[PDB]
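Each chain is listed here by its residues.
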Amino acid sequence: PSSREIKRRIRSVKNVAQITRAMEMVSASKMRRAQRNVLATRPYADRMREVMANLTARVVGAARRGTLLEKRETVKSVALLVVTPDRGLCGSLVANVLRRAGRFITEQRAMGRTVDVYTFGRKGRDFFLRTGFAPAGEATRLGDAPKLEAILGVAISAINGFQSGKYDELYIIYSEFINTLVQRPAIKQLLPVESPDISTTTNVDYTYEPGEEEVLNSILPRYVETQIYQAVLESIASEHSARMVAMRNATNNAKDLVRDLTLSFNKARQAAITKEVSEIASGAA
Amino acid sequence: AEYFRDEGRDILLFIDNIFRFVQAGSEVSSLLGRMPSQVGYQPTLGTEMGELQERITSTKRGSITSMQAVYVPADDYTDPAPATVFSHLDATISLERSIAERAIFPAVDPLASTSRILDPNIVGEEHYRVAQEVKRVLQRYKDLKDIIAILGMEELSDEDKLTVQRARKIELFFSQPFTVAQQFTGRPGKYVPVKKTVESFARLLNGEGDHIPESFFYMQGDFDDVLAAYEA
Amino acid sequence: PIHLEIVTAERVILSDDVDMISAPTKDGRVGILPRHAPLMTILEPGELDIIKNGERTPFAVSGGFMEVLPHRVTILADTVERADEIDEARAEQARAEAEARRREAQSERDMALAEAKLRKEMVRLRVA
Amino acid sequence: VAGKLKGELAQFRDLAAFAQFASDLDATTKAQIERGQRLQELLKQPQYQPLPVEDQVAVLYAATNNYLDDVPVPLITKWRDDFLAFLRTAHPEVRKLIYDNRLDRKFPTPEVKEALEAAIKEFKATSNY
Amino acid sequence: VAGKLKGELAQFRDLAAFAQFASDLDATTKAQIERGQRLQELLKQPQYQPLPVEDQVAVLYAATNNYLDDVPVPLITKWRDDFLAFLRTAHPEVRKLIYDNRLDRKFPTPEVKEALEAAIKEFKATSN
């Protein structure tokens, strides 16, 4: 506080404000393109949604409700999927999703179900490595526009684990994009338990050339992979939105601190001028 | 000016950079050998600023209204010079460079320009209500300026897009066709009383005028003139 | 005389109308004319013959879950490539589009973001 | 000529925060950022090389018009030097014409307009950057 | 002994923000962060407990020759104190050996490098 250190501080926080505003702008463009990608992925997702509803409408017997469609009893092992940002600055989003994952692990262990972690994004990977859980499936360096082929390394592993009895149920934790400003973590069930939607009510009778059971066993894994891809893209959009909000708040805070530091600098400047003129007047007299 | 004030006339006194009066006083005090004061200013800063700017009053016979340009040393308004000037001020008008980039008509920043007399008891309840509503709308636009720059007009929800459009139109409606002007634009001069201005802005805030586009508010002058311009 | 939706998870490539389409179903190749009865099927690697007004454009499909209805037909294909003429617009696709994604969209942009995160961190602790 | 230069430089000073992020930005924002960078590199000058008003106004007319877009930023100074050498040697007539009617209120008259545009186009076609 | 100390401390001081909330560093920046924290904790000394020259020489030799890398950060003051206690009691001959030839041009003589590295290894194995 010597009217020169405060000047350096003011310059520093001004640089912070400029960098943060630039981050907010690029995060806005990122959110735009991520929303575009989500909407471009929407047709596959919803078409397969009503296709699955129609298929499970016909497959109603317990005997043929096997493989991925079976509603297993006496659940023993549960796998949860977590999608997290690869980088920080997201604000409370990473903390929120990891708190949700931790508490969900708490209830799943409360009922006696052993839990295994499958993580997208470096933040969740690092957190779960530090806390103790070894990543059963690890996938990082997912860009803002990931391809479905990039998720296979985890999704196929989870589906094979469920098929082999390793996991009796499957979950995903992702950041839902409620608004441009408001985002919460969400929980979804990955064992199908499909909805008796209008499609399920639809009685359009079909023909299954390779076979009903074969079509079922070939479409359930792809439906699950589509759900995971939707969740990952939703999480990417929420990541960019949360970074936008965090950087807007940081820019506003930096501007407020620049204002306060400018007030302090002006006070120091006036004090320095008063001190020097008082000393000069004393020396003259 | 006091001769004409004593004649009962209303006089407007323009002082260019009262801060230069303050600095001249500081220099005179320094040359006279007086001890400095708090930035090196004259010890008699308050008394000198009171000798001036205290004969500027409204008396029973006449009145001397004033308008003093003020150069704030650096950006320090707390500087003894602008501080002692603000001690003697009844209104402030803030010309801003950003609005001056395109608005060469009076570029007064409505949010940074205040006035002591703008209170219900003096200018009436209607004027205060209209002025506060205009300032509220312009403040909402100022807050949403960053959102508009970053997100766009689409993310901005309903019931605020109307206010943003209204704020654009009302910032455009702070234009006045002058009787005398620099680089005379040819528009006829207009003298709009406060009684007309209050009702005009009230009606602009009352939904009327939402039809005419924003760009046709350059130097319109009155809400009756707004309706006349919309008719053509 | 029916609208065919070539739907991939990444994007919807075609939602146009097609005179005739041949499905490389697992059990064996099938052909579909507009008023086909309802059908679901598993496609295989091969050529997807979008025969539109006499022109057969063979689209390489690595997998499909084609849904057929009298009024509409839709394929949910894991990977669809033109595999017909001028390859796949290699002028930019798989080239400028690829580089713009791996470098412009991934590499240089992430380098700049890391630079900004840095400059933040450093000039943030210059405040102290 | 220089009114558009001043406006564009003001816009670039406003958008200077986004310069390092030029890749991921809107098309118009990118166009503004590289326009401002071109102008800033143009205003860079060597020592003891003052420019007569005709050279300055010809260069700034080329810059304000979308004539230097194909020129990369680090070559704008060389572009200016080569173009001024071209006008000095190849086309003294357009320089004299620009100097003669620099005081006309509507300065971009069709004659000087087309002469200067032809000179700039000839320089751009002859040279490569 | 102290040139490496000074250089490593300077590098760590240059690398300030990265230590404290940058989490995306390799084990090249983070290695310097770790070593600098080791050395800084080494300098933390109580009051009224001066250390003779041979003591500081031995401690800094242990620290700068990577013999202290595995020790966690908060326990380094206790590690130094325990190593000194071991050195007073378990081996006073090495202290005498250090103090006798602290003035030779090439201090890490093989007679001194031996019986000092040996003591460091003995303390490392015996304790923790």
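Please refer to the structure placed before this passage.
Conventions and cut-offs
Residues numbered from 1 in each chain as written, not as in the entry; some residues may be left out. Chains lettered and ligands numbered in written order. Part of a larger assembly, values for the part shown. Heavy atoms only, no water. Buried < 20%, exposed > 50% of the residue type's maximum accessible area, 1.4 Å probe, protein only. Helix = DSSP H or I, 4+ residues; strand = E, 2+ residues; numbered from the N terminus. Arc of directions from axis to C-beta. Contact = heavy atoms within 4.5 Å. Buried area = accessible area lost by both parts, 1.4 Å probe. Polar contact = N/O pair within 3.5 Å; in protein donor to acceptor, adjacent residues only side chain to side chain. Nonpolar A, V, L, I, M, F, W, Y, C, P; charged D, E, K, R; others polar. Pairing = 2+ DSSP bridges. Salt bridge = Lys/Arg side-chain N within 4 Å of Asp/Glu carboxyl O. Expected span 1.5 Å × (residues − 1).

Draft legend 1. Region of the structure containing helix α6 (residues 92-100) of chain E. Residues and elements named next belong to chain E. Buried residues of α6: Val94, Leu97 and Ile98, and no others. For α6, the angular spread of buried residues about the axis comes to 100°, placing them on one side. The outward face of α6, more than 90 degrees from its buried face, is lined by the exposed residues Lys96 and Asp100. Along its buried surface, α6 packs onto α4 (53-64), α5 (76-89) and α7 (110-113).

Draft legend 2. Summary view of the interface of chain D and chain C. Tallying the contact residues gives 4 residues for chain D and 7 residues for chain C. Taking both partners together, chain D and chain C bury about 450 Å²; carbon and sulfur atoms supply 58% of that area. Looking at the side of chain D facing chain C, the largest losses of area belong to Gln20, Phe21 and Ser23 of chain D, adding up to 85% of the total buried there. Here chain D is connected to chain C by 0 residue pairs in polar contact. Of the residues that constitute the side of chain D that touches chain C, the class distribution is 1 nonpolar, 2 polar and 1 charged.

Draft legend 3. Structural view of the sheet that holds strand β11 (residues 80-81) of chain C. Residue and element names in this part refer to chain C. Spatial ordering of the open sheet is given by β5-β4-β7-β8-β11, a layout of 5 strands whose pairing is antiparallel. Unpaired on one side and paired on the other, β5 (29-32) and β11 mark the two borders of the sheet. Alignment of strand β7 (residues 46-52) against strand β8 (residues 55-61), held across 7 bridges, turns out to be antiparallel. If you follow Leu48 over to β8, its bridge partner there is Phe59.

Draft legend 4. Representation of unusual backbone geometry in the model. Phi at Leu89 of chain A is positive, roughly 65°, even though this residue is not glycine. As for its placement among the helices and strands, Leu89 of chain A is situated in the loop between β1 (77-83) and α2 (92-110). Positive phi, normally seen in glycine, also occurs at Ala83 of chain C, with a value near 45°. Along the polypeptide, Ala83 of chain C turns up in the loop between β11 and α1 (96-125).

Draft legend 5. Expanded view of the pattern of salt bridges. Taken as a whole and judged by the stated rule, the model has 62 salt bridges over all chains. A salt bridge links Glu155 of chain B to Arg32 of chain A; its shortest N-O distance comes to 2.3 Å. Here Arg32 of chain A lies in helix α1 (residues 5-58) and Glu155 of chain B lies in the loop between α7 (125-150) and α8 (161-172), a pairing that spans two chains. A relative accessible area of 24% places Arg32 of chain A in the partly exposed class. With a shortest N-O distance of 3.9 Å, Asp16 of chain C and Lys52 of chain C are connected by a salt bridge. In this pair, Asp16 of chain C is assigned in the loop between β2 (12-14) and β3 (17-18) and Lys52 of chain C in strand β7, connecting sequence segments 36 residues apart. Judged by relative accessible area, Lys52 of chain C falls into the partly exposed class, the value being 37%. One salt-bridge network, held together by shared partners, links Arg33 and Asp144 of chain A, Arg109 of chain C together with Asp24 of chain D.

Draft legend 6. Broad picture of helix α1 (residues 2-14) of chain E. Residues and elements named next belong to chain E. Here α1 spans 18 Å end to end across 13 residues, near enough to the 18 Å set by a 1.5 Å rise per residue. Turning to α1, its buried residues are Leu5, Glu8, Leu9 and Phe12. Within α1, the buried residues cover an arc of 100° as seen down the axis, which keeps them to one side. With respect to the buried face of α1, the exposed residues turned more than 90 degrees away are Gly3, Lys6 and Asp14. Buried residues along α1 sit against α3 (29-43) and α4.

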